[PDB]
Amino acid sequence: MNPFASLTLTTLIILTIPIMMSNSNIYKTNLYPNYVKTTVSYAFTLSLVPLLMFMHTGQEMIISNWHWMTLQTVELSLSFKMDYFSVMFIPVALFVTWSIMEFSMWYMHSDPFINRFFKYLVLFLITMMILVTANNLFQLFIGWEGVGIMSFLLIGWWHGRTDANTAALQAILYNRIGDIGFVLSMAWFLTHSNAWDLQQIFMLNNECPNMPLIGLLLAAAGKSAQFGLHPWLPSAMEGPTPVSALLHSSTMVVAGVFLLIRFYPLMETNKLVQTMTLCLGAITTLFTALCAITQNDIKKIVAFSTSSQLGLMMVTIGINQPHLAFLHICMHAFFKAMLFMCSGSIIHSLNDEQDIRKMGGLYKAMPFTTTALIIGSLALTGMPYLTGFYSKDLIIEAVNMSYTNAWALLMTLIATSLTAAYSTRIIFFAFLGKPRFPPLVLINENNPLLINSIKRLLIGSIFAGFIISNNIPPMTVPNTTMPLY
Amino acid sequence: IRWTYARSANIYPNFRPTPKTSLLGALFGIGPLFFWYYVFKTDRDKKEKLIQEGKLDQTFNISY
Amino acid sequence: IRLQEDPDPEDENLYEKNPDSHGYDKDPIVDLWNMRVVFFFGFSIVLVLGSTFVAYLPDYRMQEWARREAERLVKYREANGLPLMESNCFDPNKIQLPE
Amino acid sequence: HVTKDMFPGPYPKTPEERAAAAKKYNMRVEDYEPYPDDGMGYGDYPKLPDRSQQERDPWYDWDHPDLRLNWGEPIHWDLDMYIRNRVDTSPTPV
Amino acid sequence: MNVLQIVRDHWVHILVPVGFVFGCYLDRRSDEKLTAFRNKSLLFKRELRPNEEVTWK
Amino acid sequence: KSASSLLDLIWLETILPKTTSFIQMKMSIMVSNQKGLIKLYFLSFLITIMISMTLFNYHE
Amino acid sequence: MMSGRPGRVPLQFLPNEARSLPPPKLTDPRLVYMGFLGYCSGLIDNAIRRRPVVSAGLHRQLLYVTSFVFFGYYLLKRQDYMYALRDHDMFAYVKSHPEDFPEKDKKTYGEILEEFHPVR
Amino acid sequence: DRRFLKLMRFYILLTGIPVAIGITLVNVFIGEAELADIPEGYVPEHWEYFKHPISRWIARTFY
Amino acid sequence: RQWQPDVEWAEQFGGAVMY
Amino acid sequence: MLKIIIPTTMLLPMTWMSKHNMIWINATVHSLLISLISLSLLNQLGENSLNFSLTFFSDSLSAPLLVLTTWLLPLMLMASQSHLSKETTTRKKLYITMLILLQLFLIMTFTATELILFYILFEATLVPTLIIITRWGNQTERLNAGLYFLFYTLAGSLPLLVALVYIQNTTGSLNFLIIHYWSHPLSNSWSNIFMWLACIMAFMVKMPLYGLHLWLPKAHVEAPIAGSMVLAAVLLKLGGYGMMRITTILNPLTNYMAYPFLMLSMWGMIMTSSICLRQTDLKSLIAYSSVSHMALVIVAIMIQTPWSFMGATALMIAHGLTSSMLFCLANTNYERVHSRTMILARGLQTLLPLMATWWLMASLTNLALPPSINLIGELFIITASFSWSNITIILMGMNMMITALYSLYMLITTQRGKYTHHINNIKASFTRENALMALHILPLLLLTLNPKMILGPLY
Amino acid sequence: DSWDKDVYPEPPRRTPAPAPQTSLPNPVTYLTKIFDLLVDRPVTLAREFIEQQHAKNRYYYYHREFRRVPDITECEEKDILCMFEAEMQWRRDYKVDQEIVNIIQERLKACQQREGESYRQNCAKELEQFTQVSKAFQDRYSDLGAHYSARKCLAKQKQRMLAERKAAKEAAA
């Protein structure tokens with residue numbers, strides 16, 4: 001009710017505060033790391049209270065305060081769409097961002113702009129969350145473009161590096177090609193539906209959104225790595241480990257499929273775009289996974305694991321399961337970020353290196369990261385009772401059950417096999433047992449804050465897989481019986 | 001600044017209207033021009049003869 | 001020699017001869033004064049009280065007025081069921097049909 | 001400061017013209033050759049072979065290390081084409 | 001404080017304000033030459049109250 | 001080779017600016033290069049007299 | 001619009017019947033500009049003789065602004081005079097020739113059949 | 001650079017708090033307006049037809 | 001500083017007729 | 001409207017007689033104050049245009065441009081501080097006189113109530129701009145720059161002169177309000193399309209469209225730093241006002257006649273964007289991006305749609321702000337390096353931390369990203385063009401595909417990377433510059449927060 | 001209240017009256033009353049201050065009232081006075097139409113979330129009142145270029161009347 005109206009937006013306000021505190025310039029640049037880490041932590045806590053309020057009363061909401069224009073038939077207001085989708089997605093989002101902020105504090109400890117880096121993740125996640133709850137397509141595109149451009153800057157964080165800025169250009173190029181489809185979609189809506197509010201368009205029940213669905217599919221293929229518009233993520237993890245593990249793992253590369261989830265009521269009306277999304281989500285799980293089969297870099301393999309799994313929720317929205325894909329992104333933020341956390345940990349410990357060659361038999365000297373990496377690998381390969389069980393496991397039995405494209409069906413089990421393959425590739429390369437590294441042994445996770453952040457995401461990757469799967473209201477297709485094979 | 005000049009101002013004084021130059025210059029000076037003009041007028045007349053009797057729908061498109 | 005010219009002078013920077021300068025002029029005191037005037041109305045009341053002026057301007061196209069005066073019309077016409085809009089704005093009856 | 005020999009000018013048609021343009025671009029006459037005479041304002045500008053800057057030696061002490069260029073050397077009409085950031089002519093495996 | 005010298009070197013900042021008010025007065029002048037429909041407005045025929053005598057100046 | 005140089009720095013500048021300037025070129029030196037002989041000037045008056053008189057027939 | 005007007009005395013600046021017209025006000029905006037037009041002549045004069053432009057011989061400026069404003073005033077009466085005459089025999093010709101100016105009938109927009117053009 | 005940012009803020013807030021406290025004060029001294037029907041006899045001045053007090057004052061002086 | 005016409009820039013007119 | 005014009009005219013003797021070094025101060029202060037008086041004109045009564053007298057009137061279409069010009073005059077005024085500190089006092093006052101006369105003629109054009117007066121002051125802008133470009137230029141080609149600019153603008157304008165006197169003879173008046181109210185359908189007669197061409201081509205000339213866009217690239221490059229922003233900022237938009245007002249009589253003939261130029265803009269805004277990936281000069285880069293934006297605003301005009309009109313009205317202001325914004329940066333880097341080569345100095349963020357920040361939001365505004373008024377102005381045009389002819393989004397998507405590829409390319413090849421080792425005279429950024437881009441960018445978002453004012457007169 | 005159900009409709013409220021099946025204390029009610037005690041009450045008393053100081057000095061405003069004027073149908077051609085007056089009246093009626101369709105926009109938009117997954121069946125009447133406000137709008141104001149005038153609007157109305165009369169007479173042959 002009223003508290004659900006207030007705190008759901010105070011969650012955003014509390015994170016707006018540190019940013020203008022930064023614009024005050026009175027803040028001490030060394031205290032600002034802990035400042036914004038603490039602020040994202042509280043914002044996560046204050047984001048749970050709307051979550052259990054909704055869980056209590058199963059109610060959605062949209063807030064439309066003071067408007068911006070009133071042009072003829074268009075009243076562009078600050079329309080935040082914090083429904084079950086948004087209020088259930090955000091707490092995991094701020095939890096992941098807080099854990100990775102502690103991780104970045106530990107990792108980025110030798111950079112003059114550490115506070116600048118952290119506030120950069122802060123602004124990125126602000127536009128992310130406003131995109132999450134954005135009823136009007138104008139705020140939807142505000143979040144879209146904001147997360148895209150701030151991704152671009154975060155990849156270009158190492159502006160001295162030629163490859164960094166080049167990859168930022170590639171990422172903005174592909175994201176912007178997707179933004180072309182976004183522009184086509186919003187143009188169609190403002191011509192036909194002459195309004196921006198998502199609820200308004202679903203209300204109109206335009207059962208023939210051919211051009212809208214095409215535009216949203218293209219935008220998703222842009223911001224969610226899919227064939228043709230996939231390689232910008234292979235360019236994107238060139239940035240720092242914190243951004244590679246937060247943005248380029250489970251926060252803004254999921255933005256496209258997330259947008260399709262927000263536009264599901266229009267999506268389910270047409271079934272051809274469902275088949276095309278099946279094809280795209282299969283073909284990305286092909287290309288990225290087979291390229292990761294033999295990749296000599298730990299960042300790359302997990303990045304292609306990301307992109308393939310994003311194509312997996314693309315398949316999920318293509319078999320008329322928006323909410324299954326929504327639970328998938330929800331536990332995706334936990335687990336995939338968790339494995340990228342392990343990757344950053346080994347990188348920092350193993351002489352700031354990422355290649356699967358020249359490992360030190362890490363398991364002997366990298367135990368905590370070893371266990372975290374093994375359970376994350378089992379999770380992305382559908383570990384029962386883990387995040388994987390209420391994830392790709394569910395989506396695989398759904399695609400085997402639902403009337404789906406054949407080649408997509410065989411392709412997604414090939415993708416699961418490859419998901420096992422490279423996940424164990426990092427296992428038998430990093431922690432194999434044959435030391436290969438500089439004579440000075442630096443592989444050691446002795447930093448207490450690193451342990452705290454890693455275990456903070458670790459408990460979610462163990463628990464939060466099922467601490468949300470049965471708690472949620474019954475929302476998906478409950479296919480109980482099915483052939484044993 | 002040799003390359004700057006030879007990329008900005010040296011072009012015309014050394015430019016000669018060769019048959020190839022005139023050919024491809026006219027090619028993309030009236031090919032994309034008239035081609036976009038053609039496709040655009042094509043769709044515009046398409047809606048023109050789809051609206052005079054009422055085939056095309058204008059139900060919710062008031063905010064034209 | 002080909003001509004009797006003064007060579008190209010060096011482009012002096014104000015800070016080198018006069019630190020604490022502002023890239024505003026040579027004499028420091030009017031450097032300061034130009035600082036004050038530009039950081040005045042430029043960023044002062046023109047920029048800010050001007051912002052309130054444009055933000056707190058009187059009714060814009062009477063939109064704030066047109067808002068309030070149209071719910072009354074809506075209510076009047078739903079009282080008799082005739083809807084909030086009409087097919088015609090100008091009235092057919094007062095205008096003649098040609099032939 | 002400036003003379004005419006290092007201003008790009010007429011298209012060379014005689015060996016003396018080739019030598020003059022070779023000095024004009026600080027690169028020898030024997031490997032000097034301009035682009036075709038097909039009226040693109042090519043003039044004396046040599047058809048520098050279309051290689052990139054990724055193919056050169058990064059370890060070399062380039063006076064322009066950002067793009068592996070050197071202080072006062074002939075550069076391709078499309079140097080910005082073949083920079084490290086943009087398209088590269090570096091070989092692919094097959 | 002050599003006020004004569006100050007006005008000798010600092011008196012320009014005074015001419016622009018008196019121009020602006022001049023414009024204002026001139027605008028006022030313009031109004032009085034353009035009062036053709038003095039309370040003849042066909043949505044503003046509001047009756048001239050016994051106290052005042054004009055609709056606007 | 002298509003957007004720059006050939007189109008902007010070759011073609012459009014050739015068509016409107018340079019071609020018209022060349023027309024004025026070619027028609028300024030054939031208009032203002034008379035030697036100064038009174039004869040040829042006077043025969044210019046001459047044939048103009050008949051062109052005004054009978055050829056056009058201004059009076060008719 | 002005139003030199004063949006009947007009763008037009010030649011080489012006569014301001015005819016007697018012009019006085020029936022309102023003489024231009026001394027504060028006429030055109031007149032004061034042509035007074036300002038006097039200033040530009042005066043300011044340039046000091047500049048030509050490389051004299052102090054702002055305050056060289058105000059006596060020269062005085063006649064420059066007073067002569068220009070004077071000859072402006074008489075010109076304005078003649079200016080109004082011809083425009084008055086052009087508008088005078090205007091209506092005389094119209095009234096004396098009713099046939100050449102038929103009383104065009106006024107019809108409201110409800111009777112005309114102007115066709116709207118869909119601008120799409 | 002830091003001298004800049006300091007003076008930027010110093011002069012922006014220099015007249016910033018004045019107008020800010022002024023608008024908050026009028027919002028907490030006389031606030032907004034309440035709807036009234038026909039003004040028998042009295043004709044409304046051109047700034048009476050508005051709602052916000054400062055919007056009334058701006059129309060009161062330069063309007 | 002800026003560029004002013006060189007001796008040649010004035011020379012090009014010269015020559016009685018400059019075109 | 002005497003309230004704002006008279007202060008500008010009478011401001012001139014102040015600059016022309018004040019002390020040799022207080023002229024900068026006094027001109028700046030009085031410019032800020034007459035801009036203060038100017039923003040009071042943002043008010044617009046209902047749908048009535050704000051009338052002032054028989055000769056001067058304004059409306060919601062005009063007011064943003066008026067207050068724009070009044071806001072700029074200080075901008076090039078104190079941008080001129082660096083470049084004119086070494087020239088004679090009388091020449092300094094003459095330069096300030098040129099700028100003031102230019103601003104006066106702009107506010108005279110925009111408030112014009114009758115057509116031919118608008119035209120007289122429409123061509124009265126060339127004289128100050130021509131003088132500024134030719135006299136206070138830097139390089140050699142500035143003479144041909146002045147030739148191209150002046151001759152192009154005139155060759156456009158004279159047909160409009162003949163057309164306007166013909167309109168006055170035929171219709172009976174050239175006042176804006178009456179010709180809008182006494183408008184008649186411009187039929188498809190073979191004289192009517194030449195009527196339309198005469199009434200349109202003049203404005204199209206100083207709105208560089210594909211083909212007829214050489215004067216801007218060959219003039220803005222070597223125009224004085226103060227002048228260049230003025231050309232790129234306002235005089236491309238007085239033509240837009242010209243279309244805005246003259247299109248009330250050019251219908252319905254505009255329905256099918258606009259097609260040649262219309263497409264000439266869309267493909268045009270691609271070519272000048274396609275040309276925009278490869279420039280050896282940063283000033284030419286900004287000029288070509290500007291040309292792309294004006295092709296966008298041209299196709300905005302020619303559809304004759306209220307949403308197209310809103311997108312335009314926003315686009316003139318947004319583009320002028322961003323274009324002058326970038327031109328200030330180009331001036332600053334050139335003045336520090338005394339050259340205007342593109343890749344001469346990359347990686348300037350390693351030397352000027354706040355200057356490349358300014359570069360960053362300058363390019364971001366050039367990107368037209370939401371919720372900036374650049375995005376909203378573009379977006380209204382997107383919607384109008386879609387409702388016009390469906391596919392138009394493909395070409396315009398190519399334009400919102402090239403814009404950032406060149407804008408962020410300019411960042412990566414100027415501010416990002418590393419400094420070139422030879423240059424060593426790059427001192428710390430002076431407060432003059434960063435202050436001027438502050439006064440440029442902050443109100444760009446301030447009036448973004450209040451888009452009704454610049455949204456359009458059809459609100 | 002300031003608004004009303006007649007132009008701002010709102011369905012009657014209904015709550016399930018939670019009766020937990022478990023003995024564990026209900027958290028949401030507890031956090032809500034806590035947030036009431038430390039947040040709701042202080043802002044409430046601050047607004048009490050504000051309301052009393054408002055009532056200390058109250059001022060009024062009035063609906064700026066207009067009157068009907070001769071329209072373009074009754075306006076004489078070339079009669080610039082009634083021309084301008086009818087232009088003013090027609091433009092303000094156009095603004096009226098835009099505002100009322102904005103009210104219907106917000107009615108239908110809020111109804112969608114107000115009525116839930118059932119929105120497809122309770123807002124249908126609201127959707128019914130939208131599918132008719134658009135079309136009639138297109139009849140009264142549509143395609144009027146970008147220089148839309150009361151004259152051009154009358155010309156569009158002329159198109160409509162001639163078209164409907166043409167259909168009527170072609171039905172009657």
# chains A, B, ... in the order shown; residues from 1 in each chain; ligands from 1
>>> residues_around(residues="range 14-17 of chain G", least_positions_apart="5", cutoff="8 Å", atoms="only C-alpha atoms", output="number ranges by chain")
G: 9, 74, 77-78
>>> interface_residues(of="chain K", to="chain H", cutoff="9 Å", atoms="only C-alpha atoms", output="PyMOL selection string")
chain K and resi 49-51+53-64
>>> interface_residues(of="chain K", to="chain E", cutoff="10 Å", atoms="only C-alpha atoms", output="list in words")
residues 65, 66, 67, 68, 69, 70, 81, 82, 85 and 89 of chain K
>>> closest_residue(among="F:26, F:1, F:56, F:6", to="residue 22 in chain B", atoms="only C-alpha atoms")
F:6
>>> residues_around(residues="residue 33 in chain E", least_positions_apart="3", cutoff="12 Å", atoms="only C-alpha atoms", output="PDB file with N, CA and C atoms, in the first residue's frame")
ATOM      1  N   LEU E  26       8.543  53.659 -24.214  1.00  0.00           N
ATOM      2  CA  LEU E  26       8.166  53.668 -25.619  1.00  0.00           C
ATOM      3  C   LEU E  26       7.112  52.610 -25.898  1.00  0.00           C
ATOM      4  N   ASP E  27       7.280  51.410 -25.332  1.00  0.00           N
ATOM      5  CA  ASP E  27       6.229  50.407 -25.462  1.00  0.00           C
ATOM      6  C   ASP E  27       4.915  50.943 -24.923  1.00  0.00           C
ATOM      7  N   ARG E  28       4.953  51.567 -23.741  1.00  0.00           N
ATOM      8  CA  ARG E  28       3.754  52.207 -23.219  1.00  0.00           C
ATOM      9  C   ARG E  28       3.195  53.194 -24.230  1.00  0.00           C
ATOM     10  N   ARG E  29       4.062  54.041 -24.798  1.00  0.00           N
ATOM     11  CA  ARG E  29       3.615  54.963 -25.835  1.00  0.00           C
ATOM     12  C   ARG E  29       2.894  54.214 -26.943  1.00  0.00           C
ATOM     13  N   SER E  30       3.504  53.128 -27.429  1.00  0.00           N
ATOM     14  CA  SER E  30       2.898  52.352 -28.501  1.00  0.00           C
ATOM     15  C   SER E  30       1.470  51.965 -28.153  1.00  0.00           C
ATOM     16  N   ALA E  36      -7.658  51.030 -30.577  1.00  0.00           N
ATOM     17  CA  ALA E  36      -8.823  51.115 -31.451  1.00  0.00           C
ATOM     18  C   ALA E  36     -10.038  50.442 -30.824  1.00  0.00           C
ATOM     19  N   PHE E  37      -9.862  49.231 -30.310  1.00  0.00           N
ATOM     20  CA  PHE E  37     -10.968  48.470 -29.729  1.00  0.00           C
ATOM     21  C   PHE E  37     -10.954  48.570 -28.203  1.00  0.00           C
ATOM     22  N   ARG E  38     -11.153  49.792 -27.715  1.00  0.00           N
ATOM     23  CA  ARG E  38     -11.126  50.079 -26.281  1.00  0.00           C
ATOM     24  C   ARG E  38     -12.345  49.451 -25.619  1.00  0.00           C
ATOM     25  N   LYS E  57      -3.933  50.057 -19.919  1.00  0.00           N
ATOM     26  CA  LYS E  57      -3.108  51.136 -20.445  1.00  0.00           C
ATOM     27  C   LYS E  57      -1.951  50.581 -21.268  1.00  0.00           C
TER      28      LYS E  57
ATOM     29  N   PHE J  52       3.374  43.203 -30.218  1.00  0.00           N
ATOM     30  CA  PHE J  52       3.931  44.387 -29.573  1.00  0.00           C
ATOM     31  C   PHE J  52       3.586  45.679 -30.293  1.00  0.00           C
ATOM     32  N   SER J  53       3.608  45.678 -31.621  1.00  0.00           N
ATOM     33  CA  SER J  53       3.331  46.874 -32.404  1.00  0.00           C
ATOM     34  C   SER J  53       3.012  46.441 -33.828  1.00  0.00           C
ATOM     35  N   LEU J  54       2.825  47.430 -34.703  1.00  0.00           N
ATOM     36  CA  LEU J  54       2.503  47.129 -36.093  1.00  0.00           C
ATOM     37  C   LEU J  54       3.658  46.437 -36.803  1.00  0.00           C
TER      38      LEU J  54
END
>>> residues_around(residues="range 127-141 of chain K", least_positions_apart="6", cutoff="6 Å", atoms="only C-alpha atoms", output="ChimeraX atom specification")
/C:85-89
>>> residues_around(residues="range 55-66 of chain G", least_positions_apart="6", cutoff="8 Å", atoms="only C-alpha atoms", output="PyMOL selection string")
chain G and resi 35-39+41-43+46
>>> write_last_selection(atoms="N, CA and C atoms", output="compact mmCIF listing (two decimals), in the first residue's frame")
# COMPACT_ATOMS: atom_id res chain seq x y z
N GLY G 35 17.36 63.38 -37.75
CA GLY G 35 18.23 64.10 -36.85
C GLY G 35 19.45 63.27 -36.45
N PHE G 36 19.23 62.00 -36.12
CA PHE G 36 20.35 61.09 -35.91
C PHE G 36 21.18 60.95 -37.17
N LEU G 37 20.51 60.95 -38.33
CA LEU G 37 21.23 60.98 -39.60
C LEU G 37 22.18 62.17 -39.68
N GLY G 38 21.84 63.27 -39.00
CA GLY G 38 22.76 64.38 -38.91
C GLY G 38 24.01 64.04 -38.11
N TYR G 39 23.85 63.26 -37.04
CA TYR G 39 24.99 62.91 -36.20
C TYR G 39 26.03 62.11 -36.98
N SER G 41 26.72 62.19 -40.13
CA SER G 41 27.48 63.11 -40.98
C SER G 41 28.52 63.87 -40.17
N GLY G 42 28.14 64.35 -38.98
CA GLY G 42 29.09 65.07 -38.15
C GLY G 42 30.22 64.19 -37.64
N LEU G 43 29.89 62.99 -37.17
CA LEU G 43 30.91 62.10 -36.62
C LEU G 43 31.91 61.68 -37.69
N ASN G 46 34.69 64.56 -38.60
CA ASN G 46 35.89 64.60 -37.77
C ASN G 46 36.82 63.44 -38.12
>>> residues_around(residues="residue 9 in chain C", least_positions_apart="5", cutoff="12 Å", atoms="only C-alpha atoms", output="list in words")
residues 1 and 2 of chain I; 86 of chain J
>>> closest_atom_pairs(of="chain J", to="chain B", cutoff="9 Å", atoms="only C-alpha atoms", output="tab-separated table")
residue	atom	partner	partner_atom	distance
J:259	CA	B:37	CA	7.2
J:260	CA	B:37	CA	7.2
J:262	CA	B:37	CA	8.7
J:263	CA	B:37	CA	6.0
J:264	CA	B:33	CA	6.8
J:266	CA	B:36	CA	8.9
J:267	CA	B:33	CA	7.0
J:268	CA	B:33	CA	8.9
J:279	CA	B:8	CA	8.7
J:280	CA	B:4	CA	6.1
J:281	CA	B:4	CA	8.2
J:305	CA	B:64	CA	7.7
J:306	CA	B:64	CA	8.2
J:307	CA	B:64	CA	7.5
J:341	CA	B:4	CA	7.4
J:383	CA	B:64	CA	8.0
J:384	CA	B:64	CA	6.8
J:387	CA	B:64	CA	6.0
J:388	CA	B:44	CA	7.9
J:389	CA	B:44	CA	6.0
J:390	CA	B:43	CA	7.8
J:391	CA	B:40	CA	7.6
J:392	CA	B:40	CA	7.8
>>> write_last_selection(atoms="C-alpha atoms", output="PDB file, in the first residue's frame")
ATOM      1  CA  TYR J 259       9.998  15.282 -52.558  1.00  0.00           C
ATOM      2  CA  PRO J 260      13.269  16.091 -54.454  1.00  0.00           C
ATOM      3  CA  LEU J 262      13.121  15.943 -48.968  1.00  0.00           C
ATOM      4  CA  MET J 263      15.031  12.837 -49.979  1.00  0.00           C
ATOM      5  CA  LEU J 264      18.013  15.036 -50.844  1.00  0.00           C
ATOM      6  CA  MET J 266      17.696  12.128 -45.816  1.00  0.00           C
ATOM      7  CA  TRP J 267      20.308  10.565 -48.069  1.00  0.00           C
ATOM      8  CA  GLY J 268      22.066  13.899 -47.591  1.00  0.00           C
ATOM      9  CA  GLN J 279      37.964  14.421 -41.560  1.00  0.00           C
ATOM     10  CA  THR J 280      41.502  15.767 -41.318  1.00  0.00           C
ATOM     11  CA  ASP J 281      40.228  18.829 -39.413  1.00  0.00           C
ATOM     12  CA  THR J 305       3.435  17.874 -39.149  1.00  0.00           C
ATOM     13  CA  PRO J 306       2.906  19.347 -35.666  1.00  0.00           C
ATOM     14  CA  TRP J 307       5.220  16.690 -34.219  1.00  0.00           C
ATOM     15  CA  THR J 341      44.792  18.884 -37.652  1.00  0.00           C
ATOM     16  CA  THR J 383       7.689   9.872 -34.951  1.00  0.00           C
ATOM     17  CA  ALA J 384       6.574  12.406 -37.563  1.00  0.00           C
ATOM     18  CA  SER J 387       3.796   8.527 -39.613  1.00  0.00           C
ATOM     19  CA  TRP J 388       4.786  10.157 -42.915  1.00  0.00           C
ATOM     20  CA  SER J 389       6.347   7.324 -44.906  1.00  0.00           C
ATOM     21  CA  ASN J 390       6.967   4.201 -42.798  1.00  0.00           C
ATOM     22  CA  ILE J 391      10.446   3.293 -44.027  1.00  0.00           C
ATOM     23  CA  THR J 392      12.088   6.708 -43.369  1.00  0.00           C
TER      24      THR J 392
END
>>> interface_residues(of="chain J", to="chain D", cutoff="8 Å", atoms="only C-alpha atoms", output="PyMOL selection string")
chain J and resi 278+417-418+420-421
>>> write_last_selection(atoms="N, CA and C atoms", output="PDB file, in the first residue's frame")
ATOM      1  N   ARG J 278      35.516  10.585 -41.718  1.00  0.00           N
ATOM      2  CA  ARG J 278      36.866  10.830 -42.223  1.00  0.00           C
ATOM      3  C   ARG J 278      37.063  12.327 -42.450  1.00  0.00           C
ATOM      4  N   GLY J 417      43.489   7.823 -25.048  1.00  0.00           N
ATOM      5  CA  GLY J 417      44.767   7.334 -25.521  1.00  0.00           C
ATOM      6  C   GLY J 417      45.915   7.959 -24.756  1.00  0.00           C
ATOM      7  N   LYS J 418      46.810   8.642 -25.463  1.00  0.00           N
ATOM      8  CA  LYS J 418      47.918   9.325 -24.815  1.00  0.00           C
ATOM      9  C   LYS J 418      48.322  10.528 -25.654  1.00  0.00           C
ATOM     10  N   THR J 420      50.629  13.116 -27.726  1.00  0.00           N
ATOM     11  CA  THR J 420      51.733  12.966 -28.661  1.00  0.00           C
ATOM     12  C   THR J 420      52.965  13.649 -28.084  1.00  0.00           C
ATOM     13  N   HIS J 421      54.112  12.979 -28.200  1.00  0.00           N
ATOM     14  CA  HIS J 421      55.253  13.321 -27.358  1.00  0.00           C
ATOM     15  C   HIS J 421      55.902  14.639 -27.769  1.00  0.00           C
TER      16      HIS J 421
END
>>> closest_residue(among="E:22, E:56, E:6, E:16", to="chain H", atoms="only C-alpha atoms")
E:56
>>> residues_around(residues="residue 81 in chain G", least_positions_apart="2", cutoff="12 Å", atoms="only C-alpha atoms", output="VMD selection string")
chain G and resid 13 to 24 74 to 79 83 to 88
>>> select_by_dssp(residues="range 12-58 of chain F", states="alpha helix (DSSP H)", output="ChimeraX atom specification")
/F:13,19-28,38-50
